[PDB]
Amino acid sequence: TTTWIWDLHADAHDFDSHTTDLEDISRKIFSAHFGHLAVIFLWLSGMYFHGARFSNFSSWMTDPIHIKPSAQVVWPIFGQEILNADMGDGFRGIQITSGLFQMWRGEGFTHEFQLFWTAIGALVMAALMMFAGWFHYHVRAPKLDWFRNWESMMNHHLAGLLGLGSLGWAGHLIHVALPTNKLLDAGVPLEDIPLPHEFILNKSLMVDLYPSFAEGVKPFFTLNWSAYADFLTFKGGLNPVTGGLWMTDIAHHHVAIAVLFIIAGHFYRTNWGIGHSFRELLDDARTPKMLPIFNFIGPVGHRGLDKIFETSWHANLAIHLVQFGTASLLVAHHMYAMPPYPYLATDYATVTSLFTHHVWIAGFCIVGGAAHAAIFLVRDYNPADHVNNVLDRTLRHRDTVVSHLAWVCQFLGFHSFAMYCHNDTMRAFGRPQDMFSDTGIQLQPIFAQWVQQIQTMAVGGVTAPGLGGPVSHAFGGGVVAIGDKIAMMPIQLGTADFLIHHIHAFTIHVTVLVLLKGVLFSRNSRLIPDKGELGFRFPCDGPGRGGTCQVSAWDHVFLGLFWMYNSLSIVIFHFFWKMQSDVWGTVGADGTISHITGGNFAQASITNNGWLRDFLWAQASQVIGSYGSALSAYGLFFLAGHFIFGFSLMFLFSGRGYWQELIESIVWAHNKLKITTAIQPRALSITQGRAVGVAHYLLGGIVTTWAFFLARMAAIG
Amino acid sequence: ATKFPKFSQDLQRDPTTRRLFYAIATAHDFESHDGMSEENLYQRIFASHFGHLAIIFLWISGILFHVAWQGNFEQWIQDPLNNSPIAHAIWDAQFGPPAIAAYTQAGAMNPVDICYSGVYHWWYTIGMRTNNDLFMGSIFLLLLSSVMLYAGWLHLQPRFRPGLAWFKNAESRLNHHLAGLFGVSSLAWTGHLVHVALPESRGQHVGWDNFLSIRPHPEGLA
Amino acid sequence: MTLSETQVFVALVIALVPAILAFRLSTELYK
Amino acid sequence: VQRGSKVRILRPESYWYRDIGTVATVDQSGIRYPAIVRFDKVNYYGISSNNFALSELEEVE
Amino acid sequence: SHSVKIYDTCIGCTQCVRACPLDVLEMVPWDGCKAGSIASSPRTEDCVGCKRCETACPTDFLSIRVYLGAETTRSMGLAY
Amino acid sequence: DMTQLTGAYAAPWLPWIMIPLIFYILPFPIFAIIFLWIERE
Amino acid sequence: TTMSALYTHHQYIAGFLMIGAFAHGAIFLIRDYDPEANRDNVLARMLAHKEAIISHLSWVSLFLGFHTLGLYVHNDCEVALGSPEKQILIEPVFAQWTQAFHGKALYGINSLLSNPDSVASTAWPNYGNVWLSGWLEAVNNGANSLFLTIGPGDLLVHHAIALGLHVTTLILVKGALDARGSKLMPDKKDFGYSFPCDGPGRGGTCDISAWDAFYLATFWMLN
Ligand code: CLA
Ligand code: CLA
Ligand code: CLA
Ligand SMILES: CCCCCCCCCCCCO[C@@H]1O[C@H](CO)[C@@H](O[C@H]2O[C@H](CO)[C@@H](O)[C@H](O)[C@H]2O)[C@H](O)[C@H]1O
Ligand code: SF4
Ligand code: SF4
């Protein structure tokens, strides 16, 4: 039947679904990770090759204020060469929003052969990854005690991967990227920029940019580190030429975290007696050894948990996908407010796209962390290992956890969203004094305003005397302007910011509620006492007990994907409106700031009608008025994303029993004309129809926001 | 068990909240009810049809009453192209003064809704001219609906309950509905059009006080 | 002109007659 | 009806109604559905053979 | 309660009895098939309606049919 | 006229009392009567 | 605003009565239909013809949907890429000639009641078509709303309407003709008009009842 075709592509990469031997499972995982590294190196080879061959990068490096970055040219077939837009400088292409040019300028790239030899090195190292995956599987695969050496793996990845990676990048910053960006910010044209090996061969050429280099590596070994305080600086603020962070703060950052990570890579005991072991740290976290505030975790505590990490790859994937969500969320929030690349903060199409991308990467990773947490509890969890420890006691009060979470989701939905419905009703009545607003009933976010005042008072310098400028200009300080364009200014928080932050707290808590109830009730419940015996992924247990549709832990990941999408859409909508309204814009010749949407977030974002009219209706005029221009691919992708959203609701709202009885009549008509095939035509399964419906829903909604974000910012940003 | 719903004993013994929702959605499915004989099915449908008829007549009686009480029908028939029909008045004590000023529209002195159903254009063509015309039309349908409520109660009484063979008489119904419901009513509507709606279209008031005097035609009925 | 106060009170008193007749039809149709 | 006869189902509730099937065994004990008929097209739940009575079958060869 | 009907096409494979998580079904001697046994449903007031027995039935069409009837506390599967 | 709810029609005190009666005075007694009807045994 | 409100009111009412005609025609086939009292008559024919009616409704549904959406997306990609005269603009010649046969001389094709000396205009044995000289000012004026001028954008939406009529009929006819049973569920008439499913067995049977085909066709009726 046709179900075998869909089941084969779904049974592809789960390895314990075959014969479960952990050493052979761990070897297929270790060599597939080499293959995914070869895919990343092949994709990195493309971005450096298209940056070296199909770009305006040498033209953009002359004057990065008035030149738009392009790195994709389009062939002249079917009339599709209209998308090759003028970027300035006579170059016709597609305006890229990834920010590769701002990344390459800060790293020290100056020509299009340096990007070429980086593309060759990524093409070489991709072939080295698909040899190491062949060698460490088909020739000399390791065995299970090598995979179980946590203390050696933690020591080698803290000190060796992160410590030597950022120390080695601090070598590239100090000897290549600090002189190249110091000459560029002091206005030196690119014929006169020395090639980056001449800052090492001609050592005297770095002496006049940094006089501490004449005194050599000798103050480092004698701990006279204050001699170096002109290329490793604790400045803060932004560069007034580029808008990026100070490159001497970036170098001293990657020096200080290098020492902190190499120190961290000596914490664990491997072969020499010195260090902590993972088992002794976990077997001691229990009563009576903990604090008396934590007496509730009981006498076993964390004692049975090391057998999880001995046996379960899914449980480690659950933690690591969560922390890649934590890292990518930090990358989103910290790179808009402390922009680390030159001429990044005033490229508004790039700041929009970089925040939105790394928010969405983080939200899929968090759902995957909850998905593979439920796979561990169904497949890998053995209850004999966990008697009265913190895993067993969590499963024994799951009714208190879910019902307390269900209450706080209802509290947050009333006391965030229903206050917008209060505000919609009060404004329609003509009672603006009765609204939750800065001019009505104020809800000042006083704890976030207090932190902003602390973050400003810290630099001067009550608690951090070492800075000159602020950590970020979003906290306080002043307006940074690059090319009469705002790079970063203080972001004022009012009643509109109190309300949208409690919307975020509401939509995250519900997304936790869908995912945590799926994990905590994955093995059994009061409804299905043998739910773990039915598997991780199954449609239901029949129409009985009232109806048991979507009880499986897979279907909670299915519902959690919609709620993650609903949560992160409001997050990027909060970002896109507030940056256009209160941050981005133009410093006039008068001295006054005229923002993009003119400061309308404080009064219009407090109702649903203002989000519909002033955000959704007003700002989508660029994407719907793009037909017959160079932004017309965004206008086509805008309607294409609307199509797949409506198309997804056929799979989500219907069931396969209709479609199987519809197929028998078309099977009948194919049999009357004698053209039957052997593989028998089946409707999709109940889980396949849910997986297709959620994939097309998320694809339809994200492509629509992507076309709306990028058509507006490529026109007016 | 509970007494509700009285038509389904298996829903009475339902101990969950499913009992209340399923009692709504099966309340008018008379054939699945407990002990519904096939002749008692037709008699309850017949009385339910009288109840639906009275709701329809009460609905149009309220449209006529609220135009006669709170509308602008006598002001709208002066110039129907420069005026706006009023549906009813607004009483919402949560209104602010900008909402009160915004809905004080179409020449009214209180907040009103603009009628968009077209009943002003329909009553004007068939000869309604005054709010006293719409009021007695609203009172007549207020009594016509109470006749429908009486006939539903009456044809459930044991002497007046019709038997099954009366309900299956598909020749006496199809004759009476073709000639009486479709024919005599279309004949009586022509009698309203030529006696009332055509003289009021030509400036002549014809009401119940002077319709036995005024002929529809100068060559009257000859 | 529109309705008078005696016309509105007549309609309210008359409407008690289909209010009573709908009550006795509802209780006859059943509980 | 015996083994080696390709029969044709007359049962309206069956998946293989008006379809051809090959007889595997026909029992002689006296049970109510003796004709074991094996099939080419599988049904909706992985079954390709089912017992039928002799009165619900018609022969082809 | 629900209604569990066993029809005479049953080959007595005992798979509906093994599949039932509520112990509704048992095998009784029949002499109507080769296995000499047929399924029965004596404790049908414990049936929740999961239809696991119909998923296990190899007969085409199924020899066991579950008809969802009046909902009780047991048939709704309520622990409260 | 423009600051509050008025009525330029006959008996303008009728919506002053009927809308409180219909919408927030009588419903909770009617909901309680209907609740006792559907819970009685 | 009244003409817009009245048209949309009575069309949405009509769409609701249309899907309830098929819903109660499906309740009839489950509850009241007797296969022996209606042996070999027309109601017995379509229940035997049901795989031919549904498959022919499915072809008209797939033909209209492939070619109307294909023409709309083609015209979308031509206007977006700066070439709006490369649109495929099929002139509605059948309903333009139908408008000429009712009295429009706007297309200039001058034949049979767009004609002065036609036999359908003069009414040669009678000369008693008193309606006509008043009728032709309703057709040949530009301010009224009977027999509006149609173009290529009017053809594409009439075929999308024909797509929506045929799919909504296809969901309702297949729900009515498979209401007594299918090969997925042959004893469906003993389960009633409305039931959730038959369980996850036999591949899965979500939305298999005749009630759930009403539920699916209500989305298609509203669309
Ligand atoms: C200091 C030595 C060292 C370094 C640099 C690494 C680095 C890595 N290991 Mg680890 N590993 C080590 C020691 C080390 N390991 C030891 C001693 C053990 C046994 C306890 C392991 C057991 C282990 C397992 C089981 C797995 C890894 C994996 C990984 C990768 C992490 C996932 C990833 O994609 O990273 C992000 C990638 C980067 C940050 C880019 C830099 C990495 C380069 C491209 C690697 C190749 C260059 C070269 C070999 C490293 C520099 C050394 C050279 C100067 C001599 C990363 C390449 C995972 C993997 O993906 O395997 C393929 C994995 O599954 N390691
Ligand atoms: C490092 C990250 C990582 C790794 C190693 C795994 C690995 C695994 N996952 Mg997990 N998972 C992850 C992240 C990861 N996942 C994330 C981020 C999510 C949230 C979405 C999940 C949610 C999840 C679920 C719900 C399930 C798994 C399952 C699995 C296992 C089998 C995967 C398979 O066969 O699919 C093969 C791959 C496919 C079938 C590809 C389909 C992917 C989408 C639908 C298409 C891509 C859309 C594309 C981006 C849009 C472009 C459209 C355009 C081309 C037209 C395998 C162990 C399954 C399992 O069997 O566990 C027991 C399972 O049921 N994962
Ligand atoms: C001539 C005698 C006569 C008349 C006038 C009627 C009239 C009626 N009977 Mg009937 N009936 C009769 C004899 C008669 N019956 C006999 C002898 C029998 C026994 C055989 C029956 C057995 C019977 C049964 C069992 C039932 C009825 C029912 C009905 C009512 C139909 C529902 C309705 O209101 O639609 C009224 C329809 C029209 C007015 C015509 C509508 C035509 C189209 C749809 C519209 C055309 C009008 C126009 C274009 C629209 C303009 C209006 C707009 C401007 C506002 C109607 C009042 C039903 C009922 O409801 O009982 C209470 C019912 O169930 N009758
Ligand atoms: C999850 C978070 C929970 C949110 C809970 C929200 C519940 C409702 C919030 C109201 C409570 C605080 O509301 C506070 O009330 C006072 C008194 O009206 C307001 O006071 C303000 O408006 C009133 C208007 O008459 C004036 O009298 C006063 O001069 C002015 O300062 C403040 O703007 C507001 O900050
Ligand atoms: S429906 Fe479920 S509980 Fe009832 S007999 Fe079948 S398997 Fe047992
Ligand atoms: S409707 Fe579908 S998912 Fe729900 S119980 Fe029935 S078969 Fe299972």
Side-chain angles (χ1 to χ4, degrees), chain B residues 60 63 67 71-73 76-87 106 113-128 186 189-190 193 197-198 200-202, chain G residues 1-18 64 68 71-72 75 89-116 118 120-121 123 129-165 168 221-223:
Chain B
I60 182 57
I63 296 155
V67 172
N72 60 340
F73 178 72
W76 177 85
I77 59 158
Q78 297 296 21
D79 198 332
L81 298 180
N82 292 165
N83 280 105
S84 185
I86 286 174
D113 296 299
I114 299 306
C115 184
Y116 296 117
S117 50
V119 297
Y120 277 56
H121 307 77
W122 169 42
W123 300 333
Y124 181 53
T125 311
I126 69 182
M128 301 291 219
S186 180
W189 181 242
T190 307
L193 283 189
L198 269 163
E200 297 263 20
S201 175
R202 302 159 162 163
Chain G
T1 319
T2 293
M3 299 296 270
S4 331
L6 277 173
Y7 183 81
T8 313
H9 174 82
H10 283 117
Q11 281 285 70
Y12 269 94
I13 289 299
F16 265 115
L17 307 164
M18 274 322 288
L64 282 173
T68 305
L71 280 188
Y72 267 123
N75 295 351
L89 308 176
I90 312 175
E91 197 77 48
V93 306
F94 294 140
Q96 273 159 356
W97 277 59
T98 313
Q99 261 175 8
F101 296 152
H102 288 97
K104 284 182 73 74
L106 187 144
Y107 311 108
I109 57 175
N110 202 149
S111 174
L112 295 162
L113 201 74
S114 174
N115 202 341
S118 173
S121 302
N129 45 335
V130 194
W131 72 81
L132 187 53
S133 106
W135 165 259
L136 297 180
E137 304 228 358
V139 222
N140 309 304
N141 147 43
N144 61 308
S145 188
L146 61 88
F147 298 117
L148 300 161
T149 298
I150 50 174
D154 296 81
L155 173 134
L156 292 164
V157 62
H158 264 89
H159 279 84
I161 284 167
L163 161 71
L165 290 191
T168 317
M221 186 271 300
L222 290 167
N223 176 69

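Each chain gets a letter, A, B and so on, in the order the sequences are listed, and its residues count up from 1. Reckoned from all heavy atoms, side chains included, excluding hydrogens, waters and symmetry mates.
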**Student:** Spell out, as yes or no, whether a donor-acceptor pair under 3.5 Å connects the side chain of G:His9 to the backbone of G:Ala5.
**Tutor:**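 Not a single qualifying donor-acceptor pair exists.
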**Student:** Going from CD on B:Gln78 to CZ on B:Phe73, what distance comes out if it is rounded to the nearest 0.5 angstrom?
**Tutor:**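 The CZ atom of B:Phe73 is 10.5 Å from CD of B:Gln78, to the nearest 0.5 Å.
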**Student:** Look at atom NE2 of B:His121 and say whether more than 12 heavy atoms of other residues, nucleotides or ligands are closer to it than 6.0 Å.
**Tutor:** yes
**Student:** Where do G:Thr149 and G:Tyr107 come nearest, in terms of heavy atoms and distance?
**Tutor:**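 Closest approach of G:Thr149 to G:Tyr107, heavy atoms only: CA-OH, 3.9 Å.
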**Student:** Would you compute the distance between atom CG of G:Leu71 and atom CG of G:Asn75 and round it to the nearest 0.5 angstrom?
**Tutor:** 6.5 Å
**Student:** Look up atom CE in G:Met221 and atom CG in G:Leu17, then write down how far apart they are to the nearest 0.5 Å.
**Tutor:** 9.5 Å
**Student:** Are G:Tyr72 and G:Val157 close enough that some pair of their side-chain heavy atoms sits under 4.5 Å apart?
**Tutor:** yes
**Student:** Indicate the atoms forming the closest heavy-atom contact of G:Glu91 with G:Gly151, along with that distance.
**Tutor:**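 Minimum heavy-atom separation between G:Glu91 and G:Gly151: OE2-CA, 4.0 Å.
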**Student:** Would you compute the distance between atom CG of G:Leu106 and atom CD of G:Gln96 and round it to the nearest 0.5 angstrom?
**Tutor:**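 So the gap between those two atoms works out to 9.0 Å.
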**Student:** If you take all heavy atoms of G:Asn141 and G:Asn144, which pair is closest and at what distance?
**Tutor:** O-OD1, 2.9 Å
**Student:** Does any N or O in the side chain of G:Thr98 come within less than 3.5 Å of the main-chain N or O of G:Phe94, such that one atom is a donor and the other an acceptor?
**Tutor:** yes
**Student:** Please check this pair: side chain of G:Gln99 against backbone of G:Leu148, looking for a donor-acceptor N/O pair closer than 3.5 Å.
**Tutor:** yes
**Student:** Rounded to the nearest 0.5 Å, how far apart are CG of G:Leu155 and CG of G:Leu89?
**Tutor:** 10.0 Å
**Student:** Applying side chain to side chain donor-acceptor pair (under 3.5 Å), name anything that partners G:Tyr12, two or more places apart in sequence or on another chain.
**Tutor:**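 Expected list: none.
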**Student:** Are any non-hydrogen side-chain atoms of G:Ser118 and G:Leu113 less than 4.5 angstrom apart?
**Tutor:**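 Heavy-atom side-chain distance check fails, nothing below 4.5 Å.
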**Student:** Without swapping roles, check the side chain of G:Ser121 against the backbone of G:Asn115 for a donor-acceptor pair under 3.5 Å.
**Tutor:**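 Side chain of G:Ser121 to backbone of G:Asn115, a donor-acceptor pair under 3.5 Å: yes, one is there.
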**Student:** Counting distance only, does the side-chain N/O of B:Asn72 pair as donor-acceptor with the main-chain N or O of B:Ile86 below 3.5 Å?
**Tutor:** yes
**Student:** I need the minimum non-hydrogen distance between B:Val119 and B:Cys115, along with the two atoms involved.
**Tutor:**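 Looks like CG2-SG, 3.9 Å.
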**Student:** Here's a test for you: under side chain to side chain contact (heavy atoms under 4.5 Å, CB included), which of G:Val130, G:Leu146, G:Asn140 qualifies with G:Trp135?
**Tutor:**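 Single pass found, and it is G:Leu146.
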**Student:** Nearest 0.5 Å, what's the CD-CD1 distance between B:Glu200 and B:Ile77?
**Tutor:** 9.0 Å
**Student:** Write down the atom of G:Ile150, the atom of G:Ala95, and the distance for their closest heavy-atom approach.
**Tutor:** CD1-CB, 3.7 Å
**Student:** Between B:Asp79 and B:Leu81, is there a donor-acceptor pair closer than 3.5 Å when you use the side chain of the first and the backbone of the second?
**Tutor:**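 Here the side-chain-to-backbone pair exists.
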**Student:** Might you point out which heavy atoms bring B:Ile63 and B:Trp123 nearest each other, and give the distance in Å?
**Tutor:**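 Taking every non-hydrogen atom into account, CG2-CH2, 3.6 Å.
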